[PDB]
Each structure stands twice: as C-alpha cells, then as structure tokens.
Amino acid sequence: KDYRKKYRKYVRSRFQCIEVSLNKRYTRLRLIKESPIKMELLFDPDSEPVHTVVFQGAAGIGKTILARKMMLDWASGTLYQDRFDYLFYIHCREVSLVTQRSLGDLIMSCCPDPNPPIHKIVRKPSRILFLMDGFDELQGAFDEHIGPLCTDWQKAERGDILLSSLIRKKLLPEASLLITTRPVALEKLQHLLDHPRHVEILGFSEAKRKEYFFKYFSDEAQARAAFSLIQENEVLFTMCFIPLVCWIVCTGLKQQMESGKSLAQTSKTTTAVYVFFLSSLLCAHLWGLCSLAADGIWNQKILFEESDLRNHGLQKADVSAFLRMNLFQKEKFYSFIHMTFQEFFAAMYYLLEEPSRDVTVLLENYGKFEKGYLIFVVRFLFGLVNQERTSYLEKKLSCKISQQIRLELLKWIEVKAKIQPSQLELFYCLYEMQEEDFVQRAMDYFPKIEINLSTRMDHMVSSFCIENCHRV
C-alpha cells in the first residue's frame, strides 16, 4: 500500500475533471448487460471468473467520460476498493502500434514518477485492472493474424503484438481488462476476446437529457427554455440521447442567449447540428482545418504537434483562438474536441472552393480499420452536398464539386445496394441528404428492406427512407 496510496493520489489529480469538475456535470449513463448492470458487480460471475468486460458505445456516447469516472471513483475508494490494487488507464489513441514496447514500459508510463516499483506492482496480476479506452481509435492497421504472442511482461514487442497478447490474456492471464470501443470495431476485436462480458452504453434517457441541460445552465430559466426547444423538435429530442449532442446543442444555444436573439433551432440532421455549432462560433482559417483533418484521417493522426499546425498555416495565435471557443483541445500535442469533428472537416475538405480530393479514392477505403472506417466522413459528405442546405458556410463550398460528388455517391449506393455499409447505415446517409430526388432514386436500387432496429433514431431514419419508395 506504500506506493498504492501515492498512485491513487496521482489518479485523483488527473481524473478530477473531464478535461469542469467531473462530479459536477457528470450525468448517469444507461448500461445494459449482454438488464441493468451495476458497476461494483461488473466483474461478478453467474461460473468462471469474469476477467474481460467490453463496453460497446456510439461515438460521443460517453465512453471516455465513463472510463475517467471509474478511475476517479476507484481512486477515491468508492469503487472496487476490495478488488483491484491498481487501475491503469490506457488511452488507445496515444499507443503506437509500431513502436516496440514492454508491458512494464506501458505500466510505468501510467505512473507519475519515472522510477516506480514495477516488479512490486506486478506481484499480484489478479489485482490489476487495465482500462483500454477507445480501441477503435488505435491508429493504423490491426488484425487477428498478428503474432507470435508474448508471455513476458518485460519483453519489448511491437505495440500491436503487445496489445494483442494482452487482449488474448497471454500477458498476465488473470489480470482484469476493460475495453471500450465503437461497435464497428468489434469486427476485429471479437476474435481475440476470451469469454468476454459485453455491456452496451445507451447514453441519456429522456429524464437525463433534462438533467444535463439543467446542470449545464447555471440559471434555471435558461435551462428550462433551452430544453423547451428540444421538446418541440422531434429530431433534436431524439438525437439528444447522445451526450455529445447535448453538449453541442447547449453550447450553441448559449451563444444565441448572449446575442439576445429569440431562441430557435430547427435542425433536422446531424450535419445541420454540426453546422449550427460552427456558425455560432463565427472564415480565414477554414481551409487550414480541413487540410489538417483530411491529412490526419488519411495518415492516421489524431494528435497533432505544433509543426503540423504551422505546416497547415495554423499559427500559434490562430490555435489559441480555437481553444477559446472550444473547437480545439491540447493534450506539445493538439487534437480536435472530438473525432467526429475531425471527420466533419475531413468531409468538407472535398467540397471547398479554391492529400487527394478524389472522392472515389475515399470510398475505396470505406469501412477499413486502417483509416478509421470513415463512417462519419461519408455521413457528413451526404449532408453537406445537399443543395437545399444554405448558410454562410454554403458559400465557401463549390456547387460544381458538389454536383460531381452527388453523382458519384449515387453510383456508390447502386453498387452497395446489390459487409459494410449495411442497409441501415445507408439509411443514415440518405437521411442526411434529405433531398427526395436523390433519396427516391437511391431507394429504388434496393431489392428489399432488410434492417435491424434498436433505437428511436433508427426508427426515424428508416421510416424517412421507406416513405420515399415508389408507390404504384
């Protein structure tokens, strides 16, 4: 315990906030097993012991916020006090898959001091819980054929071999492991898991959506009026089960209240919501952000060093302006406030009017772990090429380029309609487009409707597309 106390102290300092006190704005999330699940009992059997737990969650659903909340509660003695002597937080986006490294090196880097008692930490592996946050955010490729597997926590291995050996339970077999990932990445992960317990993060319930708006707005009057807009807008109310969406919408309505204009948000698509957020912050640095984003996705870079920023014309003062308006975050290293914003600007890179800009090359890499699957680049590309879309940002886009891309997207649907993209995913893309002329032609390529629904947003998106089928 001599060093455990020093470590828990360091954990309560880093994970005190979400970077805003974590306990202040944290709002209970909904978890379901494989029924409601309780944190303390997460590693209890039914049977063999449960060493691996997998958290499936949508982008922005709150995987990282929940991992940080667990670090904090445990460090405070509220959670797993009797179970684990150590929790180590592994931020997958920082772990190179190429650099040779030892599990000891990895543990030591989670520690505050340079010379920790690593050999003591490892004496009781069953008392360790590894928290891998954002498996999908590993940069580069990653497949089940990796090998050979390592059984020595001191031996240095390529990052991919290291993580594979850890996930397969070859390294420290009886240590516990908690992985958070987006569902799409389970294609790769599933073949390594050993008797996993799968949990699903569902986000905010209707009552928790209200709670968030009230925790966000110090003034109750603002909270209740901001939430009234949501209640009135079927699409936003439904979409606000994603906590990230709650934060985007709340931050936007905040500006309107500072401007004094009567509150009103009429967004109908995710693209509309993300455009409503950026416009509220307002044009000179527009090209720079899209270049950086497109480069980051193509070359697998989430974290951007100052050399990359100056490389794309973003001077140090320009970056300080993004931090002020909460469009950038520093973590030396800079990154986008969320990966979805990096895909949004990457999509816009193909539509700006004066990395390759040939959309056909982009679509060839769709759904590949190596590039990050490109799920939201395509969704945002469908919504941005929408002719009906109008805004100060629409003028920066090229009508000619939008037309060429609109035509290629349609050829793309025709092939896929006759693996990823599923039919439901294409419904999300078509829902972003909205244009009935486009959607009606696209919907005719499908021989049959074949979908599986889980959420209200699934129902809404698929109802919109079914209604736009031809009727004899």
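Only the largest set of C-alpha atoms that superpose within 1.5 Å between the two forms is called the rigid core. Position 1 is the first residue in the sequence shown; the rest follow in order.
Q: Out of 169-177 and 320-328, which shows the greater rigid core-aligned C-alpha deviation in 4 other deposited structures of this protein?
A: The answer is 320-328, which departs more from the shown form in 4 other deposited structures of this protein.
Q: Which stretch is less alike in 4 other deposited structures of this protein, 391-399 or 375-383, counting RMS CA distance after the rigid core is superposed?
A: This comes out as 391-399, the stretch further from the shown form in 4 other deposited structures of this protein.
Q: When the other PDB entries of this protein are compared, is residue 125 left blank in at least a third of them?
A: no, residue 125 modelled in all other entries.
Q: Quick one: across the other PDB entries of this protein we compared, is residue 35 left without coordinates in at least a third of them?
A: Looking at the other entries that model residues on either side of it, residue 35 is missing from at least a third.
Q: Report, from the record, the number of residues in the deposited sequence between residue 34 and residue 35 that have no coordinates, as none, 1 to 3, 4 to 9, or 10 or more.
A: Gap size class: 10 or more residues without coordinates, per the record.
Q: Between residue 418 and residue 419, how many residues of the deposited sequence have no coordinates in this entry: none, 1 to 3, 4 to 9, or 10 or more?
A: Missing in between: 4 to 9 residues.
Q: Do the C-alpha atoms of 372-380 or of 110-118 have the higher average B factor in the entry?
A: Result of the comparison: 110-118.
Q: Do the CA atoms of 273-281 or those of 79-87 have the higher mean B-factor in the entry?
A: Per the PDB entry, the higher value belongs to 273-281.
Q: For the CA B factor values reported in this entry, which option in 202, 263, 141, 171 has the top one?
A: So the option with the highest C-alpha B-factor is 263.
Q: Highest CA temperature factor in the entry: which of 268, 127, 312, 93?
A: By C-alpha B-factor in the record, 312 ranks first.
Q: What third of its chain, lowest, middle or highest, does the C-alpha temperature factor of residue 19 fall into?
A: For residue 19, whose C-alpha B-factor we compare with every modelled residue in the chain, the answer is the highest third.
Q: Which third of the chain holds residue 392 when residues are ordered by C-alpha B factor: lowest, middle or highest?
A: Highest third - that is where residue 392 ends up once the chain's C-alpha B-factors are sorted.
Q: Consider only the C-alpha atoms of the modelled residues in this chain, order them by B-factor as the entry records it, and name the third containing residue 425: lowest, middle or highest.
A: Its C-alpha B-factor belongs to the lowest third of this chain's values.
Q: When the modelled residues of the chain are sorted by Cα temperature factor, does residue 257 land in the lowest, middle or highest third?
A: Its C-alpha B-factor belongs to the highest third of this chain's values.
Q: Split into thirds by Cα B-factor across the chain's modelled residues, where does residue 466 land: lowest, middle or highest?
A: As the PDB entry reports it, the C-alpha B-factor of residue 466 lands in the middle third of its chain.
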